[PDB]
Amino acid sequence: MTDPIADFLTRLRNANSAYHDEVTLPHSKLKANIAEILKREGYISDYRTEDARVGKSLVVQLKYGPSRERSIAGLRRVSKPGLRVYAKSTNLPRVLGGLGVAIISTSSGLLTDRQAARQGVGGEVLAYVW
Amino acid sequence: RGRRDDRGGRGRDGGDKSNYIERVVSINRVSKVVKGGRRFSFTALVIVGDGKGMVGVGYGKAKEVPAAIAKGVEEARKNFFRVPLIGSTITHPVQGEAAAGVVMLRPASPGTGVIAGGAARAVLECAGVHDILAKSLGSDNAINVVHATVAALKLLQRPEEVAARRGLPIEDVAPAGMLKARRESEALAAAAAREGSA
Amino acid sequence: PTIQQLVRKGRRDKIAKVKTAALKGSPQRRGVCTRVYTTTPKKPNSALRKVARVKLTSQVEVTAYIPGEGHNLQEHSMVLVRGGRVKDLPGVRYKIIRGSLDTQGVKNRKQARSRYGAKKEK
Amino acid sequence: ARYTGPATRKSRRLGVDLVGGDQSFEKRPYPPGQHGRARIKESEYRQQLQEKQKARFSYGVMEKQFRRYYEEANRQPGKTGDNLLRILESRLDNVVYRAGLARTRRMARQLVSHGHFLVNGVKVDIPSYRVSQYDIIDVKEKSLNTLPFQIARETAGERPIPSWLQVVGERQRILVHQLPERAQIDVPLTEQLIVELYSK
Amino acid sequence: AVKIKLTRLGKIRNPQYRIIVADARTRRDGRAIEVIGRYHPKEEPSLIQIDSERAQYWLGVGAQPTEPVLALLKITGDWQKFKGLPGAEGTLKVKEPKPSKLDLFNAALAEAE
RNA sequence: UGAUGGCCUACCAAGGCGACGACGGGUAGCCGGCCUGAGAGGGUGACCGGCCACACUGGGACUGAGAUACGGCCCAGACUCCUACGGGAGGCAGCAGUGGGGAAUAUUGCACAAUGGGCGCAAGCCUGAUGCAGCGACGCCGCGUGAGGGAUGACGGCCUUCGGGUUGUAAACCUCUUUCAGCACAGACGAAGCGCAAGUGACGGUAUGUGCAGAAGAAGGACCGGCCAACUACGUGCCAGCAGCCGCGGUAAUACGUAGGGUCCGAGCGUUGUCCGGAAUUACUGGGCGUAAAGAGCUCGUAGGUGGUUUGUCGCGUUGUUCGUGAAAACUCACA
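Chains as they are written, first to last, in full-length UniProt numbering: chain A, 3 to 132; chain B, 17 to 214; chain C, 2 to 123; chain D, 2 to 201; chain E, 2 to 114.
Written out as structure tokens, the structure reads:
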């Protein structure tokens, strides 16, 4: 065991791809905020955290429209261990040419491409979903 | 594809609507080993399209080159396909595959031009593209390259799709960048419609 | 592939695959020709092609072809060897320029008229 | 420098009017030679080569001067197809030709060869001269009183002067105003093929 | 020591000069400590454009203009400021007024019609 | 010693250096840059610039503010030259040019007129720097060799189907002004330069402009099986030969060779040599390892990398900001 957030994203990818309408997860604050912003922009339905094995657990509902179709298009951690990634205010990448959204853990907290561009600080980007 | 320019006293030549640009990429001779002999047939890959953009792909396995061409044309008529774009650009860079063939596509500055390989040039210009950038790799072939072209094209959609998926509108979905590009596209379309109205 | 292992080592190209070996990548060398005996080309290309072995000034002993129909070079000649690629012959990757140091241009060559040392017809 | 051959043979080979009123080219629309009748192995390579050869042979421009035209067109901020046609419509001999004062492209070629023209007051014997907007243009009297040039100036029923050129008096003053616009040039066959081919 | 020099630039037939400040032990085209002026005999008025107050400073610390450089200084009247014997005044001439880019075509249109 | 400092020296002590590669072998001056590449990346240190090292070789010393002191010196060798044979005397990787190498790289040139430098209070003196010229399509850039009319295309060639066609509006002829070249005439900026004596340009009577003359004095060079624009005929019939590959000649080759005839380029036009990309053909961008290249025969674990949930600190990494900063030219934008 080396990487928890990559396993977070891998479980999201498999669970959404394998047509499951929910996924369960240990609640470390990192993935908590990742799914929080995910529902904030609406690629998932709704996340709720309750009590579990010694920590807590976050349960995520994936947003499916009129059919079994996922608002999520895909997930991929970029700033992985061994290849951790930093970015600045100017060259803030635009997800899917700007269509999608990203995660950038700013010194001021957590922000996406557009938010950080409106503000202008950088330092650590993460996965992006479109 | 021999002696196609004919002017006779017969009835007609089968002209119809759908003033579609046609293209054929390649035909390889196909050898069936009958007991002690070789029968030779043809395999045509036909790509039909419109300057509006909508595309069709057909595949005629016929022992005759004109029969193969006709079979490909009618399969493309059966197997059509639609592509969304932005003026003369692509809505977003994409990658497509056919089992060994990889194709990368990217929007370009207006008027840049369709810079694409021989097969890709055909598969693209049959659509409504005028200015995008693209390339391909792998498969050391053309059938898979053509097949992957449509695979990449399939990953194309309007910003409305991500707007509905997010529930949130454009902006994050379609930022000013594309916003102004699609505004130019639709404004040119509206101006053309107004001009054609009179 | 193990980014850290890349930091440890890696990322070198395969092989130069050198072509010219006269010396210095010379656009041409000059030397003494010998062994101008004609040998056989490949069986499908049944013919006989006139060649020679030249010791160039580069102190290497290479094999040069004699293009054209007629030849002027003989033993102890100041032949100017250029690089070439003759897939018709085994191990022959050189030519000798006509209308040059030693070998007179090919007689009455008119389709090329620049190669084969064929000067302008008056 | 300068080419030598006439325009009829190239017209026939490229299959387009290069003189503009070539009676003999329409007499023999097939390419010159024993096998202008013989069908060509068709290729888009041939299409693009024919296009660029028509462009080169129509104006009297010549190949090496033509390549830098494409290169500088691509350096321009606009799309290369637009810039190439603009600049090829921006030559000194081209400027004086579109005013209807020269009956042929070779007319203006040999005129700038002789030195019968004047731009902004400076004599430029160089056909590769660039004529900017609002340039003052004049014609010398030695050529003005010459009989065929008198015919050309006084019988100037030739092609109309474009909106970016203005002959504004008996002095043949072509008071140029703006650049040759795509909506105003009325160019022969387009040049996007040239851009796509050269870019590779 | 230190000298204010004229250094050569341009193509062959038409000379141009930059007025620099440099050590003598250098060459004519060494590393200029600061470009303080420019001058061209080829142009009509031998037009000179000089960074003034830096030259004032360098004359103060002891810069020694070359003989034609000193000539140019006097041509400017700059040597009449550091030395200040009569006071500093505009001594160099100027290029003639000449028309503009737009008024030329304005006059051409007026003449035409 | 100019200053620190095993810099050196007497003693004391035993440390110090490395797998984050010592010590060795080979290799190489280096950068602004340049070129390829979309980019990354890759290759070079031409010239123009920035520094360093080096000036028969190897040791040593000098002076001056300052010395590997290139046209300073001594000493040990080499080489060469002269030698009263006792012995001495010599150094272009400065400008020319000579020989040698190599396919290849040029004048034993003009002025210090402008610029820069040294001495002289200065005049002036000195500069093979510099400014210029000569030599090379070495390379770029720009111009001309003309132009229009002119027929059913004359003359002819080639094919030919034997009709006719390619040449071909080409042509013969009728006119146009002749650029540039050639002849005559004036003819400098550069220099508000310097000199305080009346002068002052190697460049250069060159350009520059002023009249003259007629199309008059000025075009060749590759390809033509396909890739890949350019075909037919005739000729050699596995020969001659051509080909970047795949490959064309064993009588009819559009592949050879020859003619037209066509493609294109043009004082150029092709060939050789080399580099980049195309190559994703080192896959960071942007690769794989069952059967195609690729999991050691299997264990543990040093180095290394590498990390669970959560509280506070630090802000090194990381990002945000102000400023110094990154020569000029670079390269580009914009102006002349």
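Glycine residues also receive a C-beta, built at the ideal position from the N, C-alpha and C atoms.
Report the option in the options whose CA atom is closest to the CA atom of residue i.
i: D:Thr9; options: D:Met108, D:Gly22 and D:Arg3; result: D:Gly22
i: D:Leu86; options: D:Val188, D:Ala100 and D:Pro7; result: D:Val188
i: B:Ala168; options: B:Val189, B:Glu187, B:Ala197 and B:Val110; result: B:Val110
i: C:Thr64; options: C:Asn46, C:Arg110, C:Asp14 and C:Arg83; result: C:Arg83
i: D:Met63; options: D:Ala153, D:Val196 and D:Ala2; result: D:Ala2
i: B:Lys170; options: B:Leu101, B:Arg23 and B:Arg54; result: B:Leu101
i: D:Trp165; options: D:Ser144, D:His115, D:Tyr130 and D:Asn95; result: D:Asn95
i: E:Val70; options: E:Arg14, E:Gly85 and E:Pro42; result: E:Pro42
i: C:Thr35; options: C:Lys18, C:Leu74 and C:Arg13; result: C:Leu74
i: A:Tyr66; options: A:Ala34, A:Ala54, A:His29 and A:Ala20; result: A:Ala20
i: A:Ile105; options: A:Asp23, A:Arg42, A:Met3 and A:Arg13; result: A:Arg42
i: B:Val161; options: B:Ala132, B:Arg93 and B:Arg17; result: B:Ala132
i: B:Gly69; options: B:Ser104, B:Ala135 and B:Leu121; result: B:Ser104
i: E:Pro98; options: E:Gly85, E:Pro46 and E:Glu54; result: E:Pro46
Any beta carbon of chain A sitting closer than 8 Å to that of residue i?
i: B:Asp188; result: yes
Any beta carbon from chain D within less than 8 Å of residue i's own beta carbon?
i: E:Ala111; result: no
i: B:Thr165; result: no
i: E:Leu73; result: no
i: B:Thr105; result: no
i: E:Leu105; result: yes
Ignore the nearest five residues each way along the sequence and tell me which others in residue i's own chain have a CB closer than 7 Å to its CB.
i: E:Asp52; result: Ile37 and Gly38
i: A:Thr26; result: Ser59 and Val61
i: D:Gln134; result: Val177, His178, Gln179 and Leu180
i: B:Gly127; result: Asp147
Span of the beta strand (DSSP E) holding residue i?
i: C:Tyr95; result: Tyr95 to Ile97
i: B:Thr59; result: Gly53 to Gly65
i: A:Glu24; result: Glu24 to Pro28
i: C:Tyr66; result: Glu62 to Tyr66
i: D:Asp139; result: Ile138 to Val140
i: B:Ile148; result: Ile148 to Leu153
i: B:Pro123; result: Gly117 to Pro123
Is residue i near the ligand GTP - that is, is its Cβ less than 7 Å away from at least one heavy atom of it?
i: D:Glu73; result: The ligand GTP is not part of this structure, which contains no ligands at all.
Within a Cβ cutoff of 8 Å, which residues of the same chain sit near residue i, ignoring the five residues on either side of it in sequence?
i: B:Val130; result: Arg137, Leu140, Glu141, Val145, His146, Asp147, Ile148 and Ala150
i: B:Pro123; result: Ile102, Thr105, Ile106, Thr107, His108, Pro109, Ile148, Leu149 and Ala197
List the whole-angstrom C-beta distance separating residue i from residue j, where the pair is believed to meet the contact cut-off of C-beta under 8 Å.
i: B:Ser155; j: B:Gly112; result: The Cβ separation is near 12 Å, so there is no contact.
i: D:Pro128; j: D:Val140; result: Contact doesn't hold; Cβ gap of about 16 Å is too wide.
i: D:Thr81; j: D:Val169; result: Incorrect: roughly 33 Å between the Cβ atoms, too far for contact.
i: C:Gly69; j: C:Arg50; result: So it is not a contact: roughly 11 Å between Cβ atoms.
Whose C-beta lies closer than 6 Å to the C-beta of residue i among residues of the same chain, with five residues either side of it excluded?
i: B:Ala84; result: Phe58, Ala60, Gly76 and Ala78
i: B:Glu38; result: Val64
i: D:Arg68; result: none
i: A:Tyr45; result: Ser73, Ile74 and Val131
i: A:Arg78; result: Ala129
I'd like to know if residue i contacts chain E, where contact means its C-beta is closer than 8 Å to some C-beta of that chain.
i: D:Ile162; result: no
i: D:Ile88; result: no
i: D:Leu176; result: yes
Are the C-beta atoms of residue i and some chain B residue less than 8 Å apart?
i: D:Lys80; result: yes
i: D:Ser200; result: yes
i: D:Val168; result: no
i: D:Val196; result: yes
i: D:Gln49; result: no
Between which two residues does the alpha helix (DSSP H) harbouring residue i extend?
i: E:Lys102; result: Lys102 to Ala113
i: B:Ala179; result: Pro175 to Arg182
i: B:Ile85; result: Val81 to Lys94
i: D:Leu85; result: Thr81 to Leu89
i: A:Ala20; result: Element bounds for A:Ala20: n/a, residue is neither H nor E.
i: D:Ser59; result: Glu45 to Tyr60
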